[PDB]
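As a starting point, one isolated chain is supplied in structure tokens, in the form deposited in one PDB entry.
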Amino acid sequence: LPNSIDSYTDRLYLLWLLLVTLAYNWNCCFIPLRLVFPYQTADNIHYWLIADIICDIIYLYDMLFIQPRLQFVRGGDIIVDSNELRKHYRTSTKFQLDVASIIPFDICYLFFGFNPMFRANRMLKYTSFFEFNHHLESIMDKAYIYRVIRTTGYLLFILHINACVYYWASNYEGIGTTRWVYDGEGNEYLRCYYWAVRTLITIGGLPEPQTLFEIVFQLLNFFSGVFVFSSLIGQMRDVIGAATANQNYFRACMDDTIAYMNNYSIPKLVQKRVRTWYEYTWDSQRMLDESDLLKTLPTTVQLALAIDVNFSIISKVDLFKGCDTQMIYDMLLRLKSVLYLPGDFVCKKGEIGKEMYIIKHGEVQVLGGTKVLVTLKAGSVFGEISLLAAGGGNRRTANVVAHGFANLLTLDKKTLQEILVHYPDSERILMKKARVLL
């Protein structure tokens, strides 16, 4: 019992919402059961009262000692002060449902006996179940598993409610009176649940309804079964289309560029290299383009995400001490991440150079024209002698080939000058370090 409950990094609070879910699920799944079936007998009534008192104690402990302790954000600032948390929960819209649910109609047991229709206000605390659903769907690493289990749970719950309504209608017409009603001969909940399954699921094969109340019942129940089965198909389609969305988008762009390379008659080796790039990009990043993702975020989280992945790689090179931090942040926001297949040429000796290469998760070699001089492992630098020079400047000194699936981080010279025009003093000191180092 902390002074203030964080409710995002609190597994204990998730276990408490599991406890209010279990009390609320006891009420929803055992209100109509005791209300319709004769499972509230005289030698089980203390067991039903013991678990219903445990349910009311969990409801009351929720309304008193946990839900007035929740850390919430008002006006930007988070709140720790416990009287202010108590004022926020007391002036919330959860408290209307909670104090409307915990109203003791169990003191009305002296008027009309032990009747669980008095306790049918305990099902009004649905917001604890939906808070538990949202909190479990947010903590889970695979939300489609819990969406499938929740759609199964709603399906089994509507079949349980329909089994209780069929046993009410059987007791209302009389048990064993007509051919449609329940006969009486087996386990009452199992045969009534079987009828609710074969009606709700729109199967049929049951006895045909005989009187007019049974025809109205079977007609409304078959209509609700059509819409329950249609909602079940729609929920499974939503889970499927939101489960294979990234895979279907990757496959759609892959077959789109295969259709382009077959439409313009491109050979099998180049098509195999494009397909090898696509399979390695899916096996590494599990996404098509990371720049398309990072263009959606704010600039501050973009800055921190670029810093935590590249600032160690920039600072582990001995060259980059003297550069200033605003230019370093802008060049880390203006890095481009490309991939090189094994054997590809990143720097051909004699071509023009316009790129500073920051290597990350790869291993390229320099060939000065097949001997290995120094195998550049991850974190190293090359392409630094054509970035500092104006115009053509210097050509490449050696053929640089990528040995493995190298994932270079590239810094183009045009984007470097587009950074540099907003930083004159940085341009000056950068040119000075350029002249001293070369």
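Take the two forms, superpose them, and find the largest set of C-alpha atoms that agree within 1.5 Å; that set is the rigid core. A residue's number is simply how far along the shown sequence it sits, counting from 1.
The stretch of deposited sequence separating residue 368 from residue 369 contains 1 to 3 residues lacking coordinates in this entry.
A second form of this protein, the form deposited in another entry, is not displayed here; the remarks below concern that form.
For the residue set 96, 133, 177, 262, core-aligned C-alpha shifts between this form and the one not shown reach 2 angstroms or more at a single site, 262.
Positional change of residue 429 between this form and the one not shown reaches 2 Å or more at the C-alpha, relative to the superposed core.
With the core held fixed, the Cα of residue 419 is displaced between this form and the one not shown by 2 Å or more.
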